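**Student:** This structure is in structure tokens; I'll ask about it shortly.
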Amino acid sequence: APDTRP
Amino acid sequence: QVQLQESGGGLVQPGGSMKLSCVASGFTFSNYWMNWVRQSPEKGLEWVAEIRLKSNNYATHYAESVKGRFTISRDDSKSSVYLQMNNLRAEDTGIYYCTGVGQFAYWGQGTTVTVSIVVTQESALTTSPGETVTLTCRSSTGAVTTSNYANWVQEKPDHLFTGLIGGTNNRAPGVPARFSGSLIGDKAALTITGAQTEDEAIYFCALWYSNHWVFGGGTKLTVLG
Ligand SMILES: *[C@H]1O[C@H](CO)[C@H](O)[C@H](O)[C@H]1NC(C)=O
């Protein structure tokens with residue numbers, strides 16, 4: 001749930 | 001080569017105000033959350049603020065230490081993030097970095113500001129070239145889990161920070177394969193499998209707790225021989 005965008 | 005470049009720091013009196021800027025290049029800035037993190041001799045790395053995307057209506061969160069005094073903002077058209085600092089205190093003194101991506105891959109060189117839960121890591125470890133060394137990162141709250149999204153960041157001399165691992169065990173792009181992230185005995189862990197002389201550096205972990213980050217105190221790794 002932080003910025004887990006690859 | 002992604003680049004982040006902070007500006008706006010200086011030498012200021014307590015009670016004053018100042019706005020920092022950070023310009024990004026080499027990645028799709030608008031797709032990622034951005035953070036400010038600061039470094040003092042006395043408090044190590046401290047996460048300050050985050051800002052999310054245009055689809056989150058640019059939602060922000062702050063460390064309790066700066067809440068009500070600092071404001072983070074961004075301008076996606078200029079690939080820039082900002083930090084408005086009001087009611088500066090001596091304790092705000094430090095080097096301020098903009099950082100983000102998976103979750104702390106990229107850091108700027110920092111801008112110096114001079115005003116005039118506990119995460120535990122090993123103070124120091126000593127290794128030699130070709131050895132396998134494991135650094136650890138403990139939470140005062142209980143076991144570290146994948147819900148803490150452990151990151152590992154390396155500091156090389158004169159404040160050159162690079163993110164190594166995010167999301168527990170995801171290696172940031174172009175990070176050497178000798179680095180790996182894990183969970184071991186309810187701590188997060190960073191393993192260097194075949195340490196190299198250039199790995200002598202300070203290593204910080206950061207753990208996520210639902211809506212904020214806490215950085216550990218860092219481990220000084222010496223590589224002798
Ligand atoms: C990143 O991936 C994670 C997996 O835990 C979730 O899908 C999360 O919603 C994602 N968040 C963002 C901001 O991309």
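Each residue's number is its place along the chain shown, starting with 1.
Cβ coordinates come from backbone N, Cα and C, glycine included.
The cloning artifact annotation in the PDB entry covers B:1-5. Taken from the PDB entry, the feature insertion applies to B:100-103.
Per Swiss-Prot, disulfide bond is recorded for B:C22-B:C98, and the stated evidence type is sequence analysis.
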**Student:** Non-local Cβ contacts of B:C98 (disulfide bond) (under 8 Å, 6 or more apart, same chain)?
**Tutor:** B:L4, B:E6, B:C22, B:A24, B:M34, B:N35, B:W36, B:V81, B:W107, B:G108
**Student:** Is it possible to list how many residues within the cloning artifact (B:1-5) are helical, extended or coil according to DSSP?
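**Tutor:** Taking the cloning artifact (B:1-5) as a whole: 0 helix, 3 strand, 2 coil.
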**Student:** Ignoring the 19 unmodelled residues, how many Å lie between the Cα of B:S116 and the Cα of B:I117?
**Tutor:** 28
**Student:** Please list, for the insertion (B:100-103), how many residues fall into helix, strand and coil according to DSSP.
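**Tutor:** Going through the insertion (B:100-103) residue by residue, I get 0 helix, 1 strand, 3 coil.
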**Student:** Quick one: give me the count of other CB atoms within 10 A of the CB of B:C22 (disulfide bond).
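**Tutor:** 25, counting other Cβ atoms within 10 Å of B:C22 (disulfide bond).
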